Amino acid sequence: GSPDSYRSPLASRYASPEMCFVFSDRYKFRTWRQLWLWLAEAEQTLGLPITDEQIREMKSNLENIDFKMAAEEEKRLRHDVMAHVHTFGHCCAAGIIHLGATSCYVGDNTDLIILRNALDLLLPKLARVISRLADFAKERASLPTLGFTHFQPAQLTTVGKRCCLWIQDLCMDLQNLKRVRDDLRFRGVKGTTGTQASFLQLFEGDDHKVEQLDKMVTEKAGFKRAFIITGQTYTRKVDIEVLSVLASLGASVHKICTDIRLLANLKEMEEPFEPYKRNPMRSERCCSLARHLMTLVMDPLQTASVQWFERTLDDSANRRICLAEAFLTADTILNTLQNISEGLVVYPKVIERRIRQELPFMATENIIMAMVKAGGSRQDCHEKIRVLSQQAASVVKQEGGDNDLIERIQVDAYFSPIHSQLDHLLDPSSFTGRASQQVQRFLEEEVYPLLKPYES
């Protein structure tokens, strides 16, 4: 709000409103009231003294939270969970709110619901990007381009084939995100140290009633599975599995955008339009943010390593930051990446220019093989070809002119039984190998199947 105070650039400038809502106070305190409703619903079903009038008024007061009252009662009573019990019970039921449960019933189950929801926003966005990159890869599947190893010219590839290297990495990320989201489990009702003591007390020693309660709220929260063993909170290892797959996504994006930045210099490919000089500013923002995601991994790792026994509260402040800032960063990244993918501009003639410069240095083997087939001796042909290439290399390096190796093998009499066959031995398409067929097979076997559920 105020420009007098520091404002998170991930919150006020970079990320989408959708992701910002999930990590807001309004959504957190709404979920708190939502978890209290489910607790009361399941407790009434199991025989605890709860009247239907207490339930209906909690149901009609889910999105009616007084912040001015809650903020000052938190300053008055120190504890934040109990401060929200008072505020809910004021617009309500008061006697049955949070009965038996501890602070971490709302706080910790909210985090897993927030976590599951945030992953649910990233998935269709990642698929959307992949889909748009897939169309680009299919369109440019046969357009030959100079391949790079050590960032030096190497055996030709296609523009579509190069794109599939990016697509694959994102397809592993989609799969990883989906797995982690599906594997996410509910804490349930566990108590102060995970022994379920206070809940067992209310049900007066009934062990089956506690287990039924643990299955009831888990299904109301939309989780398939619920933890058996926990300390106070869910194991902090969960936060590692989630941030690992995001950091991996960060690495992928960084590689993709660095490729695009290098292609922008070669003037072979640029970012979509709204001038001669164009900076790839969106890819650079992406690289910047991806880096943050890779850094973020050390936070949950260090945390879980130093949790003592059932729970130490030195996870609280660190998780408030790293978890939201992981998803806000990933969110910005995917919005930007989606923007970049919508009509990447390719300049074919610039690509054709770079090929015809380096191509003759790679086609030398084809020439000799064509001399042998006619009747020329390999040994003698190798010595007479490894001499015109050193001349043509000198012109390029020492003098800074265009490549003229093809001309020199047209003005040499020794290479007379090849002059008619030269413009076929230099067809760029006959140097791309199985590149176009690799795209074909990859998109149908691996890419399209994964995109199928996300068709919308």
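Note that residue numbering follows the sequence shown and begins at 1.
Chemist: Quick one: classify how much of the deposited chain lacks coordinates between residue 204 and residue 205, choosing none, 1 to 3, 4 to 9, or 10 or more.
Modeler: The entry leaves nothing out here.
Chemist: Please figure out whether residue 92 and residue 93 are truly consecutive in the deposited sequence or have unmodelled residues between them, and give none, 1 to 3, 4 to 9, or 10 or more.
Modeler: Going from residue 92 to residue 93, the model skips 1 to 3 residues of the deposited sequence.
Chemist: Using only the Cα atoms and their B-factors as the entry lists them, report which of 205 to 213 and 176 to 184 averages higher.
Modeler: The stretch with the larger mean CA B-factor is 205 to 213.
Chemist: Quick check: 413 to 421 versus 36 to 44, which has the larger average CA B-factor in the record?
Modeler: According to the PDB entry, the answer is 413 to 421.
Chemist: Going by the recorded CA B-factors, say which third of the chain residue 72 sits in, lowest, middle or highest.
Modeler: As the PDB entry reports it, the C-alpha B-factor of residue 72 lands in the highest third of its chain.
Chemist: According to the PDB entry, is the CA B factor of residue 284 in the bottom, middle or top third of its chain, that is, lowest, middle or highest?
Modeler: As the PDB entry reports it, the C-alpha B-factor of residue 284 lands in the lowest third of its chain.
Chemist: Report the third (lowest, middle or highest) to which the CA temperature factor of residue 120 belongs, ranking only the modelled residues of the same chain.
Modeler: It belongs to the lowest third of the chain when residues are ordered by C-alpha B-factor.
Chemist: Using the B-factor values recorded in the entry, state whether the Cα atom of residue 148 falls in the lowest, middle or highest third among the modelled residues of its chain.
Modeler: Its C-alpha B-factor belongs to the lowest third of this chain's values.
Chemist: Going by the entry, which third of its chain does the Cα temperature factor of residue 108 land in?
Modeler: Ranked within chain, residue 108 CA B lands in the middle tercile.
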